[PDB]
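Below is one structure, written out as structure tokens; comments come after it.
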Amino acid sequence: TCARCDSXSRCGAXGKXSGXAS
Amino acid sequence: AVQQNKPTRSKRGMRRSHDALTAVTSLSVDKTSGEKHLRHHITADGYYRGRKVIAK
Amino acid sequence: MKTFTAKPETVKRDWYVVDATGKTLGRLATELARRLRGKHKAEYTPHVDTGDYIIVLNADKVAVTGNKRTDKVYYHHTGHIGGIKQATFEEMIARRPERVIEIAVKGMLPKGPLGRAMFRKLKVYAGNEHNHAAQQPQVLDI
Amino acid sequence: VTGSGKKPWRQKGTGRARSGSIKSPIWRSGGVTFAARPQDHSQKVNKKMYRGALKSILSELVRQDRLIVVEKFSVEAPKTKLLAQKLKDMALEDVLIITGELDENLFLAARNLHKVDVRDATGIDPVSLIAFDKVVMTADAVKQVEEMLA
Amino acid sequence: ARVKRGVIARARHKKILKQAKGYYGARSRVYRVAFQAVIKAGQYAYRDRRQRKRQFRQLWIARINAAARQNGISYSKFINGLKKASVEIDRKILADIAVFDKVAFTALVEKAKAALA
Amino acid sequence: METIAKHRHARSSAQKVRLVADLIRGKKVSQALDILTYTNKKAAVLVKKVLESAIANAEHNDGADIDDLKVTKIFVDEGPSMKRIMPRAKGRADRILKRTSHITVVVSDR
Amino acid sequence: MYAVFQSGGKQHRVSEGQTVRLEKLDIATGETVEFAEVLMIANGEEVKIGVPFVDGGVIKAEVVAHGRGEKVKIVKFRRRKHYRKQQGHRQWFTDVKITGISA
RNA sequence: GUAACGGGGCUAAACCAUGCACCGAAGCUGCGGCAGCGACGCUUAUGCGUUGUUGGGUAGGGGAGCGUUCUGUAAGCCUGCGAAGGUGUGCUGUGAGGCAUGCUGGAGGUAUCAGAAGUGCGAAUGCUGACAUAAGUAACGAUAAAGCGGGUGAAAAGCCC
RNA sequence: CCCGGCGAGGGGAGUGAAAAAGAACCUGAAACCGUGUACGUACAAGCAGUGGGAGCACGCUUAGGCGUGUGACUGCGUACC
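Protein chains in written order, with PDB author numbering: chain A, 2 to 23; chain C1, 2 to 57; chain CK, 1 to 142; chain CE, 52 to 201; chain CR, 2 to 118; chain CT, 1 to 110; chain CS, 1 to 103.
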């Protein structure tokens, strides 16, 4: 899997996209 | 928009309390051939209200 | 052996007429809530409603002391935006004087289902006549 | 454990607990935390302690009527039927024969019997003099045991 | 020597689930919840073996005060009258006489009234 | 006399078939067949075959007198579900449980 | 006619022929015990106490059974502080049978 | 939202002074039971009718035990007239536990006293498998669009014409 | 052999010691999900228990106020790590 999604976390949800691949 | 505690099987059966099917029980009898049919519908042989209709 | 428990299906109840004319409100209401609970009977069980039926009449002629007739305020909240509503003692007397005795007694009774079934044995009246003459209420001097 | 030493999922950011190896002992197929090695379970017995134990057990074989001493106990031909009849004569069911000089015909005539054992006076051990019901010593075997232990 | 756990673990779980019968939901079906429920019932049993004596004492005193006021004396004056007469009957038996034998209780009230003055 | 018919491993969820099996419990079997004939569910088609097979197993094996029979005991149990993969968005794999049933109809004239 | 006596620090109200579960006495299972400390004998006309013992009354009872009651469970639990005790307890009792009230 | 006695209510059911009553704890006492330490009556493989006192407890120290698998005892003892395991019931120990049987099971278990441990799980966003919950809910993947007659068939909106 | 679509699945018959061994096959635990029965529940507020406790159901002994199941009502009681 690999789509990212937060402004800046390691893995949260968020509709943005530079922080986030679980 | 997600749950914080799993609902019980009591609450699950209470939600399904209104999911029950109303049985029909109102089948009409054709007067010509004596066949059971739905009320206001044709028969499996195809009569309706006594007189002959479609086919089959 | 075990301590006696009054069975709730063979409790013998009586009927009483109390005239609330000129008596103090809470000083009458605590003897009301005493006899409604059954504290005057030697067979008293706390989880059973062993008390009596009580008929209160002339409840618009009840007396309070001090300056409480123009200054004792009853508050109820309706459950809304503004909600808080506010009536004094003599407004309650002019409006529905049964609720004065009933609020006093319901406050002096326990909470829960059994306390409500104790409150159900209270028949308050703003007049001198009642309707339970079939029940033969022997007169109570409170 | 046969397997690779790479990290299964990266340190931060999945929903999983952190792991470092498929060979972790708290994971399936790849366990034992304190796995056994082949080891030697032998204990040291002092010479005087071993001989004091043999003297105590052989004294109890005397005092509990579990010791028989005969002049000679042998057999003419190596067949177990002769020793079977011979030990049924002497009322001996579960028996430890002990002989001074090590015999061959007596070693073959009792090799098949499990109730019977045959030892030299040199080859005594503490756990067999307690195990068998009766102990039949030769008089030469009593002389050799009394030499070896004193 | 490798020791499998399943039989003794199953016995130790079945004891706790057997002590959890009657309970609601996972409290009677699930070992994690039922263990906490069984320990909580144990704490309640410990606390309420003490609470029982207090509650029955309350009930006995309420019935003694009821029947004494049925006879015309309060509780405190009546217990004063039974101390000033050297009467050692406890409050359980006085509540039992107040329920079942009102004439014997009237006799005890007359005794305590005569001793009270 | 009880007479049992089963549809084991029926490809329908147990919750769907119980909603039709609760229509015809305690009914006479002649009335239950018409209830299942004019019911617009797929489970009615599944449970009508089991009811008809119970009628026939009664008639052929021991039985009596089809006018007498009642549907005394009807129940649906959960069967072995099939495990399937459903791809979703962003490389996530869901599983599909393809749930099966066991349908049991006991017919008995007394 | 009933009677109030006192055996194990507790008091008992009893009639002619009841079985009373007392605390354990050092009396064998056939001896008839006599409680001479009786607090009230009652009837239609009743002998109460003045001084705390009825001087001219005595109760006699046949000792029926020695035994132990229900096993009770003591649970001491201290949450978040790493402590619990489980303990069992059965209490000894003596079932006596009141054979005689002597007014 | 009454909201500065907990509440009802109170002109005492408020405050001060004098008392006597009474309620009130797991405190003290009464009855029964267990255990730890120090010591007297009878007396030793010392048991106690005894009797002084003690017995909340985290980190931690000390003492005593239960259960599980495997080894000796044991080519012994139980067991197809029913073992292990599973599921109830009863009895019993202060506890871990133990004993006996109903049913299921269908071939192995193991007294006592010693020995050795992969020896006891509820947590580690533990690991594997199974099954829930949300829920019969979202969705069924381009808004290019279908309608009828006949055929086949157990059954046709979708197949063939 | 019968139901069903020359189905799947089942009911008999038969093999067997056993189909409470039918191949989705020894034993068959728990979570989970049902059917039937007994009791409770639609004016009542909260870690769901505990202490008391009526009524009901079912075994009792040949009354004895006790067992088993449910638990109206009531005092106390804000999980575990």
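Even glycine gets a Cβ: it sits at the ideal position worked out from N, Cα and C.
When secondary structure is reduced to three states using DSSP, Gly67 (chain CS) falls in the strand class.
For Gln11 (chain CS), the nearest beta carbon of chain CR is closer than 8 Å to its own beta carbon. In this structure, DSSP gives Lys24 (chain CS) a state outside helix and strand, which the three-state scheme calls coil.
Using a Cβ-Cβ cut-off of 8 Å, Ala4 (chain A) counts as an interface residue toward chain CT, since at least one Cβ of chain CT sits closer than that to its own.
Remark: C-beta atoms of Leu39 (chain CS) and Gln6 (chain CS) approach each other more closely than 8 Å. By the criterion of at least three beta-carbon pairs nearer than 8 Å, the segment 107-125 of chain CK is in contact with the segment 49-66 of chain CK.
Inter-segment contact for the segment 37-49 of chain CK and the segment 55-64 of chain CR is present: three or more beta-carbon pairs are separated by less than 8 Å. DSSP places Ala99 (chain CR) within a helical segment (H, G or I) once states are collapsed to three. Non-local C-beta neighbours of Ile101 (chain CK) in its own chain, meaning closer than 6 Å and more than five positions away in sequence, comprise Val56, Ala59 and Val124, ordered along the chain.
In terms of Cα proximity to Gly47 (chain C1), the closest of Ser27 (chain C1), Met15 (chain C1), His19 (chain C1) and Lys57 (chain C1) is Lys57 (chain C1). In this structure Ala42 (chain CR) does not touch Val34 (chain CR) by the C-beta definition: roughly 12 Å separates them, more than the 8 Å allowed. Here the alpha carbons of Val39 (chain CR) and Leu18 (chain CR) stand approximately 9 Å from one another. Between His130 (chain CK) and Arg70 (chain CR), the C-beta gap is not smaller than 8 Å, which leaves the two residues out of contact.
Beyond the five residues adjoining it in sequence on each side, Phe75 (chain CT) comes within less than 6 Å, by CB distance, of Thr104 in the same chain, given in chain order. In the three-state scheme derived from DSSP, where H, G and I count as helix and E and B as strand, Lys58 (chain CE) is classed as coil. Residue pairing from DSSP places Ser108 (chain CT) in a beta bridge opposite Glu2 (chain CT) and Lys70 (chain CT).
A distance of 8 Å or more separates the beta carbons of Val110 (chain CR) and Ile80 (chain CR).
Our two residues, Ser110 (chain CE) and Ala104 (chain CE), have alpha carbons roughly 10 Å apart in a direct line. Residue burial is scored here from C-beta neighbours: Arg11 (chain CR) has fewer than 16 other C-beta atoms within 10 angstroms and is therefore classed as exposed. One finds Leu23 and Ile35 in chain CT with Cβ atoms closer than 7 Å to the Cβ of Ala24 (chain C1), taken in chain order.
The straight-line gap separating the alpha-carbon atoms of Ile49 (chain CS) and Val88 (chain CR) is approximately 7 Å. Minimum Cα-Cα distance from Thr94 (chain CS) among the listed residues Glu62 (chain CS), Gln87 (chain CS), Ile74 (chain CS) and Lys76 (chain CS) corresponds to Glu62 (chain CS). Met100 (chain CE): member of the alpha helix (DSSP H) spanning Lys98 to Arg114, first to last residue. The three-state secondary structure of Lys2 (chain CK), taken from DSSP, is coil. For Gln37 (chain CR), no beta strand (DSSP E) encloses it; the enclosing alpha helix (DSSP H) starts and ends at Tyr32 to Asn72. For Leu39 (chain CS), the chain CR residues whose C-beta falls within less than 7 Å of its own C-beta are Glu89 and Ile90, listed in chain order. Taking a Cβ-Cβ threshold of 8 Å, the residues of chain CR close to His40 (chain CK) are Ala67, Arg70 and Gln71, in chain order.
Contact check between the segment 17-37 of chain CT and the segment 64-80 of chain CS: fewer than three CB pairs, one atom from each, fall below 8 Å, which does not count as touching. Across the structure, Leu140 (chain CK) and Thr88 (chain CK) are spaced so that their CA atoms are roughly 30 Å apart.
With a minimum length of 3 residues, the unbroken runs of beta strand (DSSP E) contained wholly in the segment 159-196 of chain CE fall at 167-171 and 185-189. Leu200 (chain CE) carries a helical assignment under DSSP once its states are collapsed to helix, strand and coil. No Cβ-Cβ contact shorter than 8 Å links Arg13 (chain CS) with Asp91 (chain CR). In the assembly as shown, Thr39 (chain CT) is a buried residue. Its beta-carbon has 16 or more other beta-carbons within 10 Å.
Below the 8 Å Cβ cutoff, chain CE contributes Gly64, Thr65 and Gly66 as neighbours of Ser23 (chain A), in chain order.
Residues of the segment 11-35 of chain CK that bring their beta carbon within less than 7 Å of a beta carbon in chain CR are absent altogether. From the beta-carbon of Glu43 (chain CK), the residues of chain CR found nearer than 7 Å are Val100.
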